[PDB]
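Here is the structure we will look at, set down as structure tokens.
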2 protein chains.
Amino acid sequence: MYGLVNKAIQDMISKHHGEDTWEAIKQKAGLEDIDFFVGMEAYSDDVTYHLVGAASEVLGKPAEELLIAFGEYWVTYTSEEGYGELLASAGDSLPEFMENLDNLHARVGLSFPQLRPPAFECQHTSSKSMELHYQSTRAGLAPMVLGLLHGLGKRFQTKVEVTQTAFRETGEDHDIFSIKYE
Amino acid sequence: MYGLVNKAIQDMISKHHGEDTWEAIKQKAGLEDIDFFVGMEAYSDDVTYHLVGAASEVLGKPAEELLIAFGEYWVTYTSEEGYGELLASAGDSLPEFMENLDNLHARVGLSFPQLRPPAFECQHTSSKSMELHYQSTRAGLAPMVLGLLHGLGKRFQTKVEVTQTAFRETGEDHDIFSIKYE
Ligand code: HEM
Ligand code: HEM
């Protein structure tokens, strides 16, 4: 993935758990010789997976838990590190934002040519609920999607309840989320 | 399962969709010949499963979402229908409630002698997170647990973020959930 993602991981853990802890994760992940991640360069997905693993072993939290936290963190990070205008343009409510999400990533992909973005489709089942379908080239990011949804809930001062109802990991076609909102 | 569970399914579907909707579901489950469920009497699990599957078909929604909504409904149902004191005694917080859940189900077991309760163990990864291990004699109730946890979220005015990280339905030992909370 693009170094932006790894910068953001680094950023979250350094603020929440300090630099000594990050140094350890950096060491344990096998990236002692990398001074900094370059935001607009594309790294192997391995680098992100080894960071999450090393972070899980250092922090003693399951990877999937850190994915939830990093999903939420990513909504604040992107607003503050040069994509706040783009975020705001994607909508004024949780449901409008999710409808616009493929569009946002298309806009991102102009400037990030090696982007493998996620594919999102919304089924609106009421004015307070929807089914969100998530398709990806990558596995195991469903917990991150859950965190992102809660961050968008906080962003739009909106109560939100998310439950994953279909699991690629369990042999369904693709990840599906049932979402309820104010 | 004990009749209380099927009473609550009936009570949920009746309250949100009307008795004709329920009467349709009742019929297609093969349970035309049951006037009412006896709460403190044990039934075959078959009954609940047919009720879920019939209710899925009649309402036009996946069985998972019905288990999720029912899981939430149960926390409200138990408070009203004779187990509010017991609910209250089991805790002042979400993480405390889950630690007391096996003891709650043992207390229930005094009065319901053929209870096959769930087993829940908490591994607290921080003051705001846990790994919840759910063990059961039955398959397929994982979605209901998400619902239950959302009900407990509302009971205690607590924001809850849940992904399931391991699946009893596959070669893994039992269902695990990663949870973050206020
Ligand atoms: C300004 C806002 C955003 C920017 C600039 C952005 C950019 C990106 C970038 C660069 C990646 C890495 C893809 C790669 O390296 O191939 C990515 C991945 C992802 N983004 Fe965003 N994103 C934004 C907002 C969102 C939001 C709000 C969500 C909410 C669900 C979202 C969901 C994802 C997901 C799920 C992935 C993982 C890709 C996959 O499944 O394969 N993004 N995004
Ligand atoms: C407060 C009062 C409660 C009562 C009286 C109660 C009682 C019961 C009863 C009677 C059953 C059916 C088991 C059988 O028929 O063999 C059951 C099952 C179950 N209860 Fe509760 N319960 C309560 C609260 C909770 C809560 C708060 C949760 C939250 C997670 C929970 C989780 C479950 C689960 C998962 C099952 C399914 C059993 C299985 O996995 O095999 N219960 N409970």
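Ordered as shown in the structure tokens, chains take letters A, B, and onward, while each chain numbers its residues from 1 and ligands are numbered from 1 in the order shown.
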
Checklist entry - Out of stretch 64-177 of chain A, which residues get strand (DSSP E or B) from DSSP, as a ChimeraX atom specification? => result /A:119-124,129-135,160-166,175-177

Those same residues, written as a CSV table (one decimal), in the first residue's frame with C-alpha atoms?
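New file again38.csv:
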chain,number,residue,atom,x,y,z
A,119,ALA,CA,-15.2,-1.4,-4.0
A,120,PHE,CA,-18.2,-0.2,-1.9
A,121,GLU,CA,-22.0,-0.6,-2.7
A,122,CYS,CA,-24.9,0.6,-0.5
A,123,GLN,CA,-28.3,-1.1,-0.3
A,124,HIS,CA,-30.6,1.4,1.5
A,129,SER,CA,-30.4,1.7,7.9
A,130,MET,CA,-28.4,0.2,5.0
A,131,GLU,CA,-26.5,-2.9,3.9
A,132,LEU,CA,-22.9,-2.0,2.9
A,133,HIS,CA,-21.1,-4.4,0.5
A,134,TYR,CA,-17.3,-4.4,0.6
A,135,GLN,CA,-15.1,-6.0,-2.1
A,160,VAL,CA,-24.1,4.4,14.4
A,161,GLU,CA,-24.3,0.6,15.0
A,162,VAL,CA,-22.3,-1.6,12.6
A,163,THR,CA,-22.5,-5.4,12.4
A,164,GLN,CA,-20.7,-7.6,9.9
A,165,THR,CA,-23.3,-10.1,8.5
A,166,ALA,CA,-21.2,-11.8,5.8
A,175,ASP,CA,-17.9,-8.8,3.2
A,176,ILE,CA,-21.3,-7.3,4.0
A,177,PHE,CA,-22.1,-4.9,6.9

Next on the checklist: For the helix (DSSP H, G or I) assignment from backbone DSSP, which residues of stretch 19-160 of chain B qualify? Please present them as a PyMOL selection string.
Outcome noted: chain B and resi 19-28+45-59+63-89+94-99+101-111+142-155

Checklist entry - Given a cut-off of 6 Å, which residues of chain A touch chain B, counting only C-alpha atoms, written out as an NGL selection string? => result :A and (61 or 65 or 143)

Checklist entry - If we count only C-alpha atoms, what is near residue B:151 at a cut-off of 9 Å, once residues fewer than 3 positions away on the same chain are taken out, given as number ranges by chain? => result B: 71-76, 146-148, 154-156

Item to check | Surroundings of ligand 2 up to 7 Å, based on only C-alpha atoms and all ligand atoms, as a PyMOL selection string | outcome: chain B and resi 1-2+4-5+42+75+78-79+83-84+86-87+101+105+108+112+114-118+135-138+141+144-145+148-149+152

Checklist entry - Restricting the calculation to only C-alpha atoms, which member of B:96, B:12, B:39, B:53 is positioned closest to residue B:25? => result B:53

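Between atom CA of residue A:51 and atom CA of residue A:111 the interatomic distance comes to 25.1 Å.
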
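The residue that comes closest to residue B:59, out of B:13, B:38, B:104, B:47 and on the basis of only C-alpha atoms, is B:13.
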
Can you list, as a short mmCIF file (atom, residue, chain, number, x, y, z; two decimals) with C-alpha atoms, in the first residue's frame, every protein, DNA or RNA residue that comes within 12 Å of residue B:21 when you count only C-alpha atoms, leaving out same-chain residues fewer than 3 positions away?
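Here's the written file around08.cif:
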data_model
loop_
_atom_site.label_atom_id
_atom_site.label_comp_id
_atom_site.auth_asym_id
_atom_site.auth_seq_id
_atom_site.Cartn_x
_atom_site.Cartn_y
_atom_site.Cartn_z
CA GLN B 10 -42.90 -14.20 18.68
CA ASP B 11 -43.10 -11.05 20.85
CA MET B 12 -40.46 -9.27 18.73
CA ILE B 13 -41.96 -10.15 15.34
CA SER B 14 -45.50 -9.33 16.57
CA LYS B 15 -44.53 -5.92 18.02
CA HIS B 16 -42.59 -4.70 14.96
CA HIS B 17 -44.66 -6.30 12.12
CA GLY B 18 -48.14 -7.28 13.51
CA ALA B 24 -47.77 -16.32 8.44
CA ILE B 25 -44.40 -17.22 10.04
CA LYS B 26 -46.02 -19.54 12.59
CA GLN B 27 -47.78 -21.44 9.77
CA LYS B 28 -44.74 -21.90 7.49
CA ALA B 54 -39.56 -19.03 8.37
CA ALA B 55 -39.27 -15.45 9.69
CA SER B 56 -36.35 -14.90 7.27
CA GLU B 57 -38.46 -15.97 4.27
CA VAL B 58 -41.68 -14.14 5.29
CA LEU B 59 -39.98 -10.79 6.09
CA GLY B 60 -37.51 -10.98 3.16
#

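Here atom CA of residue B:66 and atom CA of residue B:174 stand 21.6 Å from one another.
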
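Nearest to residue B:67 of all the residues B:9, B:181, B:36, B:139 is B:9, based on only C-alpha atoms.
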